[PDB]
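Reviewing the structure listed below.
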Amino acid sequence: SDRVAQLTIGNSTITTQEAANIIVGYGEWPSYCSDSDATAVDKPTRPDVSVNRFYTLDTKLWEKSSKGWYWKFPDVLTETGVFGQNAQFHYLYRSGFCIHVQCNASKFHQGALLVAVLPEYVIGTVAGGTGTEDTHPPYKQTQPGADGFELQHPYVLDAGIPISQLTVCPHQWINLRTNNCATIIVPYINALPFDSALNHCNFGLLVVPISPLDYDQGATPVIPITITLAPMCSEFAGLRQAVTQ
Amino acid sequence: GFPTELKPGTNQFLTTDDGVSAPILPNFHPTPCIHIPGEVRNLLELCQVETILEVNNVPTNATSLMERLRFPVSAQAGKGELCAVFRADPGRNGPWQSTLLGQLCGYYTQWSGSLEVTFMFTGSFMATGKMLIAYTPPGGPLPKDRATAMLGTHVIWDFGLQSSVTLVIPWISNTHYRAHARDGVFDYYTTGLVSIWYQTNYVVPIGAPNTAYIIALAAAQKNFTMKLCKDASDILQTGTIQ
Amino acid sequence: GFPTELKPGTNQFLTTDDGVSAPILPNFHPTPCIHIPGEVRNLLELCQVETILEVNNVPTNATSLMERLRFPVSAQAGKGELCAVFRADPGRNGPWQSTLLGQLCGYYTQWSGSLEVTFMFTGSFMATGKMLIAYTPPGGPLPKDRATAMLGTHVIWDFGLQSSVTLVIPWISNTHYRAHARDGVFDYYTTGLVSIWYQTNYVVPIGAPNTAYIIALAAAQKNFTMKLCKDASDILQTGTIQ
Amino acid sequence: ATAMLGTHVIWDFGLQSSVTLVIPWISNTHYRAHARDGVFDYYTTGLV
Amino acid sequence: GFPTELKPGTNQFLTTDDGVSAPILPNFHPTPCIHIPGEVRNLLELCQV
Amino acid sequence: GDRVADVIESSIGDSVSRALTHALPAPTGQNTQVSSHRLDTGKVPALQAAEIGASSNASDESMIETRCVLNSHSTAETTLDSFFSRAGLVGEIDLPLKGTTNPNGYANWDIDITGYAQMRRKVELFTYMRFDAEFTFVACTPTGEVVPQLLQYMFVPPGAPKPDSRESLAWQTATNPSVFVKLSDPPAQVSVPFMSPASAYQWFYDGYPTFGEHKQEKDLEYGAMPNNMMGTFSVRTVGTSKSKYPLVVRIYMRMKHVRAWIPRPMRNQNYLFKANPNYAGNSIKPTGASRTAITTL
Amino acid sequence: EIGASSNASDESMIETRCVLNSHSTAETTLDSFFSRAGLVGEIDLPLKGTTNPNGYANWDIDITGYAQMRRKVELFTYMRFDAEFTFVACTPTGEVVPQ
Amino acid sequence: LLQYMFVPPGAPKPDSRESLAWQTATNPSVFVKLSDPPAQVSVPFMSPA
Amino acid sequence: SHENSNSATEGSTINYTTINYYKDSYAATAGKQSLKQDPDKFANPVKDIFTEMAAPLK
Amino acid sequence: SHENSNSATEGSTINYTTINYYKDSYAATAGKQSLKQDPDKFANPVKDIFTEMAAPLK
Ligand SMILES: CCCCCCCCCCCCC/C=C\[C@H](O)[C@H](N)CO
Ligand SMILES: CCCCCCCCCCCCC/C=C\[C@H](O)[C@H](N)CO
């Protein structure tokens, strides 16, 4: 009665029989932009069900040596379904998200992933190793798209900050002996009421194994982690031709 | 002696400090103020008056400067040809510098609001035509053709007794205010583009000129405001003014 | 001229002095504040959020740093063996430096309150076990055996569906506040020790790993407060930041 | 990825052995005649 | 600028002057005072022992 | 007018942010209530489930037998303003005579507080911050000496002309705010408002400032936030001829009327560059002190 | 041709949403714009010089000698106001002397 | 020109006239000249006792 | 206070709120102006006013 | 006083008590903040709240 759950939105329904409750980031639900916070004057389009549904974008394989991955929002969806289309024809976009990371195993496997949401996840480089070179991450590393991107130095989140303190961000854990998924709901986070779904990534999703995957020889070794997400309260404005970047 | 303690700032002369300072002429009463027409109270009053936009900012020889004040239209080949384009950025280098709006805009760091450009057709009375004028919000590059241009905010102008038409450039921004846009990172604050296309064609009967001009007037809408008073980019002085 | 007399302090610039100083931009109104989720009001709000405690602070090579985030447990020999230990001093060098609590703690000279450490077992579902976790108040040296450890404040953890267990480190101090403890006389302000022992054993059936990890999360209780704002011990800069 | 854009259900194995996929009535016409290859493919319901 | 005129004494540091001076630690609240026996209030109390 | 049911019962447009939590007054630390032994089944405060993502709710009273303690310990010093409203170094400007940098008698400092670690690390604890600020300018010769020299400090907002010489016409300062002060005077000090076009300055912007292909050349612009670029601060000796003395100006900033959103992990690797989280990949150090064994001190 | 500016509003040219605009118009008032001190005069008192080697100087009050200021005022034809004058003196190197 | 800085126990102690500690981002510091009147401040009761 | 009314804006259609310490009001601070505007004076100084919706010339 | 409302914390859910001598409120002192806190926002942002006494997962 808390281990079992069902998420239905749009024409998509998700189930789980081993849940660990739901986190509502920063203790707040996605809402539409108010007439007093708003600044742009054009009447927005709120496509509803065609874009506020569950998109299942990726699957990574968890290995005894995996480092961890991250995806950027809304970058992951800008080229998918009706949502991607609206994000392209419009300058302005705002929305919330319901994230559902899935990973099941067996009662004989073990391991724990940390699933967190980090607003304004700015990536850094190793500065030529020595730290004397002012290098910067390439577009494909900052907006990895749907395939996400593997962390090079998980301990400092590839940004000079301790992953040990990452729990200060909305999160959940997928500890195999306990659950098989994390569900986090995120409201719009920005200093503006609207923004470009192309130039700016409001937050990054991180999935990092903190307690390594393990099992005896003979148990299924292919342990996938799948990413499913649904935009919520999607609003768009500033219409023109489609643009991909 | 009443105990006081001096704090940092003491003795500084801040040019914008609004203070009190000794009157040099005690009991002096100024000449009274008679009525004078045209008193202005706020610069925004002036930002709503249309002034000429130099869309045709190409000629530079002294004898052709008057030509920047108007651009042409003429009979075409019916391919929805492009007539002219320009950036909507009011505080940016370009056509807007000819307008008082753009000028006053230079004395402020940030602005917010909708803009309007009214086009007046000055052809003969026998000339007809329909034009498609489009505002292309940020992110969309210069429309390659009229079909692309059409997906943005636009107005279709029909020539008739009403010589003019108004294109509203609605405030469509992510931020509440925009700083002056210029090449580089500040292109972030760009407003977008305006493109003018032939919707049909400039048609005229026998005996009327095949070329006519359009004059563009621009100003700001009533939701328009400015913030952060700064010095303008131009200083109209070379050496000492004698 | 109204008679005043200047007192000592005059002209000094005290970095923490809360005063008034001339506004550079008269009549300037800031951009309005829209709603933004996650507003924090007091640092104590953050001191109650559990962050990972690096109990296993031994590995130092880049490629093994992730290992400090968790410590192990495995099948033993039934002698109530010791699993791990660490000082409870939150503002002292050691495991606590990995926690945000320890970090924020560095910006204050004194603190007071109870603490809590929650341990999450990440073994397979088939693994069972009972552990004895004990907080040893000041004065008691590192327990030589589980029998000694047991005389202090402790919790006996049974593995089951509830993956985690919480050890409360109650505020037990002679003074109302503690300053940061460190070797030397300031060891006076030490909080004490935490020891983890096998109450029974880590049992697992055929087919399940013989080694599993525990993750420790730590934060402060609601009676926790900090005093005397100071600069932290670390300065993350070598030469000039360019 | 393509399949996912349509109406779907994500099934998690657990004590509840079963899961139900609803195939909602989504048709242009009020009734459908039996669909079969050819023009009557007009009345097709779709795919699972 | 409100008109003032400085008088003699200005800038002196009188060791017995009872004045106000800027607090270095804003919003700092001291450790509370528990009860302690033997509080003395006036030296005369001691001159009678 | 609306008529079809789904439209009527639609929640599309709800602008109220349903909030699951709310702030309560907390002037002092919490008190401890008396507690006695409990020998019950079903009741298990000690056991938690961290996977959920919430911190342990177990209190002292439920884990040991507690006495009563009236806690009057103040929580006032940990408020944003208490923590941030303390002036700290954010800028240093050199005006040497015979030099490689500013031998021309003036200097332009792009307002960026990320040049100094102490201050930088504090602010970066949050993602978004809104506040007013008090600036204090401390000037002297390189030996810490005071000389009878007159300076002019001018705030040059973005778009205003930047002085290019000690004699630039820009120094007329007809509209910009300027401060004329002597080194002999106490340090100059002013108040500045919240000037961003955004509702808050943000120490971290995960994005690009412009549209287009983001090729190698334009990668230096990743994370560039115009909303944080408040302008330039220019200083000059006030004269036509060069100043007789070399100078240094230290800029101190004290935040006030502060508001912050979205706390984040605190920097644990040395800073290398302004506005850019780059860290030395070869010197990745653990957050804190280390030991030889987990079973030893 | 009439001589008036366009009365067309946003609402009538496109479908607009509602926006509660609280953007202040205070900074564009005459005093906000003009009540900021600026350079209007410069006077030289050199020792051995061609101009004022006699120890004094007369400056005919005229603010049109400097462009920044001049351009602002000339935006209007007529102006009435009070003024605050500030005199900053020093040697040509920006030095302070006991004079 | 001098700088006086209060360094509470636990805060980093300057080891040179150029120590980074002098940034004084959180500690209270007083900048004053010898030519100025003597600096003067108020301090609270800071013991944990 | 009880001072002279010698300010340049005495008898103005806008209310100022200022500070002063001298018998002459022109010594007072700039203060806060009143926020009224009259664009029409310049943007729409026509005798017979026309509507937005209408055709300007009829 | 009768000043401008240009402080960075205008329209804040906490009451400040400050001092000022200028028409612009951002010039005012830092003052005293209100002492409210909302830990749950970060420590307990769960949808379905569970009790201490209960077993978190059921
Ligand atoms: C008389 C002139 C005084 C100079 C006035 C300086 C005003 C500066 C406003 C403070 C802005 C806060 C700092 C903002 C951003 C950071 O420094 C960096 N740009 C972040 O990348
Ligand atoms: C103690 C003496 C202080 C000097 C007092 C100067 C008072 C000057 C009154 C300001 C007059 C405004 C400027 C008037 C006219 C322009 O400068 C030009 N003449 C226009 O051609």
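What the table below lists for this structure:
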quantity: Rounded to whole Hz, the Karplus (6.51, -1.76, 1.60) HN-Hα couplings of the range C:237-242, x for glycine and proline; calculated: 7, 9, x, 6, 8, 9
quantity: Shielding by partners - mean other protein chain Cβ count within 10 Å, residues of B:53-64; calculated: 0
quantity: Environment charge at I:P39 (Cβ cut-off 15 Å; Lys +1, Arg +1, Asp -1, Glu -1); calculated: -3
quantity: Where a label projected 7 Å from the Cα of I:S5 along Cα→Cβ would reach, residues of the range B:6-36 with amide N under 19 Å; calculated: B:26-36
quantity: Nonlocal amide H pairs with A:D214, under 5 Å, H built at 1.01 Å; calculated: A:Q110
quantity: For the range F:156-210 versus the range F:231-253, the gap between their alpha-carbon centres in whole angstrom; calculated: 14
quantity: Relative contact order of chain A, pairs being alpha-carbon contacts under 8 Å that are 6 or more residues apart, as %; calculated: 41
quantity: Magnitude of the charge dipole, chain A, Cβ model with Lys/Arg +1 and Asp/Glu -1, debye to 20; calculated: 420
quantity: Counted charge near A:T178, where neighbours are those whose Cβ lies closer than 13 Å (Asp, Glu -1; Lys, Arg +1); calculated: +1
quantity: Residue with peak Gaussian network fluctuation, chain B [Cα springs, cutoff 10 Å], from B:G19, B:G192, B:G207; calculated: B:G19
quantity: Cα gyration tensor shape of the range E:9-49, rounded if a/c is under 1.5, else prolate or oblate by comparing a/b with b/c; calculated: oblate
quantity: Loop GluC sites (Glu not before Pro), the range F:13-107 (other Cβ atoms within 10 Å of the site Cβ: 16 or fewer; DSSP); calculated: F:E65
quantity: Listed residues F:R120, F:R18, F:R67, most fluctuating in chain F (Gaussian network, C-alpha, under 10 Å); calculated: F:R18
quantity: Förster-model FRET efficiency, 41 Å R0, I:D40 and B:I24, C-beta, rounded to 0.05; calculated: 0.55
quantity: F:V16-G:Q99 FRET efficiency (beta carbon distance; Förster radius 45 Å; 0.05 resolution); calculated: 0.05
quantity: Neighbourhood charge, 13 Å Cβ-Cβ cut-off, centred on C:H154 and excluding it, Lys, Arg +1 and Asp, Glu -1; calculated: +2
quantity: Whole-Hz ³J(HN,Hα) from phi, Karplus 6.51 cos²θ - 1.76 cosθ + 1.60, for the range F:281-297, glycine and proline x; calculated: x, 8, 10, 7, 9, x, 3, x, 4, 10, 9, 7, 8, 6, 9, 9, 9
quantity: Helical mean residue ellipticity (222 nm; -39500 (n - 2.57) per DSSP H run of 4+; nearest 500) of chain F; calculated: -1000 deg cm²/dmol
quantity: Cα shape, the range A:161-245, gyration tensor, a/c 1.5 rule; calculated: prolate
quantity: Global form of chain F, assessed from the alpha-carbon gyration tensor, a/c cut-off 1.5; calculated: prolate
quantity: Centre separation in Å (Cα based) which lies between the range A:22-53 and chain D; calculated: 31
quantity: Sum of -39500 (n - 2.57) over DSSP H runs of 4+, divided by residues of chain B (222 nm, nearest 500); calculated: -1000 deg cm²/dmol
quantity: Relative contact order computed over chain F (Cα-Cα under 8 Å; 6+ residues apart), in percent; calculated: 26
quantity: Radius, Kirkwood style, for chain J when every pair of distinct Cα atoms is counted (Å); calculated: 14.9
quantity: Under 16 Å from the E:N11 label point (7 Å along Cα→beta-carbon), backbone N, the range C:1-34; calculated: C:4-12
quantity: Listed residues C:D231, C:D183, C:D18, most fluctuating in chain C (Gaussian network, C-alpha, under 10 Å); calculated: C:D18
quantity: Sorted peptide list for G:8-16, B:30-38, criterion being average Cβ within 10 angstrom, highest first; calculated: G:8-16, B:30-38
quantity: Relative contact order %, chain B, counting alpha carbon pairs below 8 Å whose residues are six or more apart; calculated: 31
quantity: Extreme residue, positive dipole direction of the protein assembly as shown, given options A:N202, G:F76, B:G184 (C-beta unit charges); calculated: A:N202
quantity: Cα centroid of the range G:1-59 to Cα centroid of the range B:92-118, whole Å; calculated: 14
quantity: Estimated FRET transfer efficiency when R0 is 45 angstrom, pair D:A33-F:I8 (beta carbons, to 0.05); calculated: 0.85
quantity: Long-range Cα-Cα pairs in chain B (distance over 25 Å), rounded percent; calculated: 56
quantity: Cβ-based charge dipole, the protein assembly as shown, positive-most Cα from E:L6, D:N28, D:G14; calculated: D:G14
quantity: Expected-Rg normalisation [2.2 N^0.38 Å, Cα atoms] applied to chain A; calculated: 1.04
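Because the Cβ atoms are built from the backbone with ideal geometry, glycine has one as well, and the counts that use them run over all protein chains shown. No value in this document is a laboratory result; all are computed from the given coordinates.
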